[PDB]
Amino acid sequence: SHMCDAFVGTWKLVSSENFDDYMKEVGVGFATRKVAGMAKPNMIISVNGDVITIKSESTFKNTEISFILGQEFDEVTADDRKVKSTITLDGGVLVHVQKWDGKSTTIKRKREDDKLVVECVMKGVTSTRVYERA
């Protein structure tokens, strides 16, 4: 419903900040942290009706989620967590909460200028991933 018009398309990762400390906070093990930290994924976003699809294409992994805003779904993350995810819109920001093993992390996706900025927070620790159009 014109839901994500400014986000639809293909985006390539151009910069990352604080990746390692965020992944440590999440509980990701050494080898996965090191290998995952090299990746420069593309993020492919599309919308069909009420269904939003976000794919990540990478040398580390490929992942895909499809969802309806507000409606919880199962997600196996790139680091192999089995989480319950709920994604909503808050003032133009896509807010994605992942719950697993009594833990929680929040991933926010927004547009700033010609960038797509992703901010992920686990307790006090934030990582920022900046994407540009591919």
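Quick note: we count residues from 1 along the sequence shown, nothing fancier.
J.: Out of 84-92 and 53-61, which stretch has the higher average CA B-factor listed in the record?
T.: Averaging CA B-factors over each stretch, the winner is 53-61.
J.: On average, are the C-alpha B-factors higher in 106-114 or in 8-16?
T.: If you average the C-alpha B-factors of 106-114 and of 8-16, the larger mean comes out for 8-16.
J.: Compared with the other modelled residues in the chain, in which third is the CA B-factor of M23?
T.: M23: CA B-factor falls in the lowest third of its chain.
J.: Lowest, middle or highest third of the chain for the C-alpha temperature factor of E75?
T.: Tercile = middle for this residue's CA B-factor.
J.: Is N42 in the lowest, middle or highest third of its chain when residues are ranked by C-alpha B-factor?
T.: Ranked within chain, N42 CA B lands in the highest tercile.
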